[PDB]
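One structure is given below, encoded as structure tokens.
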Amino acid sequence: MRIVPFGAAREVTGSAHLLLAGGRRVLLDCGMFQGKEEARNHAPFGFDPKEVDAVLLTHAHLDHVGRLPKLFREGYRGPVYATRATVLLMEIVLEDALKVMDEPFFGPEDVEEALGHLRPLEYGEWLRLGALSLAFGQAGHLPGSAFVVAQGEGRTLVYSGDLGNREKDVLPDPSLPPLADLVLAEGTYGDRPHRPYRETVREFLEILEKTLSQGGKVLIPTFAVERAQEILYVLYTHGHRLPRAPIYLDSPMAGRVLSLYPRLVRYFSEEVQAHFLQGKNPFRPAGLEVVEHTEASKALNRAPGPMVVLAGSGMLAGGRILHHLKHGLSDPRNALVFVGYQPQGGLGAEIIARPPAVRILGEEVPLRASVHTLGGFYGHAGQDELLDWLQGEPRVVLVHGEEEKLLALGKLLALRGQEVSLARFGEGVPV
Ligand SMILES: [Zn+2]
Ligand SMILES: [Zn+2]
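To convert, note that position 427 of the sequence shown is 427 in the authors' numbering; the numbers rise steadily by one, no gaps.
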């Protein structure tokens, strides 16, 4: 039994790991590379897509699902398991990646073909392939997200997939993994623990009252798949103490996702499920308004506050948000609220550095709006959470994360008596 990293090696995008065992070849995730590595989606997988006996998806994020169509484009015609939630989310995530994609490395024929082989596999349901036994575990990172438990040949392997931030309220807490011979885990935040959720939420409310009371705009750059709706849930459970103001979710995609959440009630925490039982949708706070097209979206730049605006991309890589920031960052009555990690050297960090001005869409725009970073809203299991999850596991291979973040986690692991290494592209590891 060997597990061969084929992506997310000393990096965060690309997640895809080939499991060789029981005389079968099971592919764990098949995501695309993003940002600078984006051009590697045109290169070959590094293995023979036609020799895979089945593939498993831990969640719908494009970076674990993005290359699936390519896998089908190049031959594969086997099954692709995922939780029903991932199965449905996946459709929205792929269609959008197709549409909004300059250098397409796959086409509509592939998406269709790819979605055609999806089969539901829910938490605690064992798949059988040869002498192999596989099962999903509650990962708590996205609705219907899981870590993989692969067993066979008397050995046990665990692929963490992405582990969510247990402090947040929307998804359920990650399940501990079973005792295993090898754990292939992520380490997106292996260097530090997360800022407490409760205190971030409180600070968030303060920012909203001060800004909206003064007639200002709260600009919140966010991702469309889970962060957006999570902010809405917080606006729903606290909107009772917040000044009345429209909440514009300026993301069609975030819309499509939100529309789908009621079809996924079971995929959320007890808290969230209790709200749905009362017959209420806790993801639609009073005043919510999904904006569909440009014309209305641009209107928001000229309209006065108070208002709360959610728009992508979550890392300012582009998207409707740049247009809001452009016209709003100059007014001191506004507030910018980051609810996701802003990588180094990005327009995000640049603004957080509080310079006198910033360059957005071809112009130098004074930065007078207030800036705030609500780290307690960050996505992955932070370092402390990583340590607890990994606890008691003999060997650990680290993937998904910047080299330095991975090492930091390694150090602690090493010092804990745990055998650790940093996955290398193509180099398989024995279980
Ligand atoms: Zn993810
Ligand atoms: Zn990921």
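All C-beta atoms in this analysis are idealised placements derived from N, C-alpha and C, irrespective of residue type, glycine included.
Cβ pair residue i, residue j closer than 8 Å
i: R395; j: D250; result: no
i: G328; j: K217; result: yes
i: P285; j: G239; result: yes
i: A245; j: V308; result: yes
i: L18; j: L27; result: yes
i: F276; j: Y233; result: no
i: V431; j: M1; result: yes
i: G346; j: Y189; result: no
i: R24; j: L127; result: no
i: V365; j: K326; result: yes
i: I3; j: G428; result: yes
i: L118; j: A82; result: yes
i: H372; j: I231; result: no
i: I321; j: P172; result: no
i: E167; j: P196; result: yes
i: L367; j: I352; result: no
i: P49; j: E74; result: yes
i: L316; j: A254; result: no
i: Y267; j: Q229; result: no
i: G319; j: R227; result: no
i: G137; j: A150; result: no
i: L212; j: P243; result: yes
i: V201; j: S269; result: no
i: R40; j: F47; result: no
i: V55; j: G78; result: yes
i: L398; j: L422; result: yes
Any non-hydrogen atom of ligand 1 closer than 7 Å to residue i Cβ
i: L142; result: yes
i: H240; result: no
i: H17; result: no
i: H194; result: no
i: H59; result: yes
Heavy atom of ligand 2 within 7 Å of residue i beta-carbon
i: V12; result: yes
i: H400; result: yes
i: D162; result: yes
i: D63; result: yes
i: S313; result: no
Whole-number beta carbon distance between residue j and residue i, since they are thought to touch under 8 Å
i: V158; j: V183; result: 5 Å
i: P69; j: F106; result: 4 Å
i: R424; j: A9; result: 6 Å
i: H64; j: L219; result: Not really, about 29 Å apart at Cβ, beyond 8 Å.
i: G144; j: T86; result: 4 Å
i: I247; j: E295; result: Wrong, their Cβ atoms sit about 20 Å apart, outside the cutoff.
i: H293; j: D162; result: Between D162 and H293 the Cβ distance is about 32 Å, and since that is not below 8 Å, they are no contact.
i: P343; j: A349; result: 7 Å
i: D191; j: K405; result: 5 Å
i: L94; j: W389; result: Contact doesn't hold; Cβ gap of about 29 Å is too wide.
i: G22; j: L98; result: Actually they are not in contact, since the Cβ atoms of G22 and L98 sit about 34 Å apart, beyond 8 Å.
i: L142; j: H61; result: 7 Å
Endpoints, beta strand (DSSP E) assigned at residue i
i: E419; result: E419 to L422
i: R227; result: Run containing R227: none in the beta strand (DSSP E); it sits in the alpha helix (DSSP H), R227 to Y236.
i: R416; result: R416 -> no beta strand (DSSP E), and no H or E assigned at all.
i: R155; result: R155 to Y159
i: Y248; result: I247 to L249
i: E186; result: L182 to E186
i: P172; result: Note, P172: premise wrong, no beta strand (DSSP E); not H, not E.
i: residue 437; result: Beyond the ends of the chain as shown, which are 1 and 431, falls residue 437; an answer cannot be given.
i: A21; result: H17 to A21
i: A224; result: Run containing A224: none; DSSP gives neither H nor E here.
i: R395; result: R395 to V399
i: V55; result: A54 to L56
i: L28; result: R24 to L28
i: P5; result: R2 to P5
Where the alpha helix (DSSP H) through residue i begins and ends
i: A39; result: Element bounds for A39: n/a, residue is neither H nor E.
i: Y197; result: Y197 to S213
i: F147; result: Per DSSP, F147 belongs to no alpha helix (DSSP H); it is in the beta strand (DSSP E), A146 to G152.
i: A254; result: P252 to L260
i: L277; result: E270 to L277
Checklist entry - Which runs of the alpha helix (DSSP H) fall wholly inside the stretch 329 to 393 and span at least 4 residues, in chain order? => result 347 to 352 and 383 to 390
Item to check | Uninterrupted beta strand (DSSP E) stretches inside the stretch 58 to 140 (no shorter than 3 residues) | outcome: 80 to 82, 118 to 120, 127 to 129 and 132 to 138
Next on the checklist: Report the start-end ranges of each beta strand (DSSP E) in the stretch 282 to 329 that is 3 residues or longer and not cut off at the edges.
Outcome noted: 288 to 290 and 307 to 311
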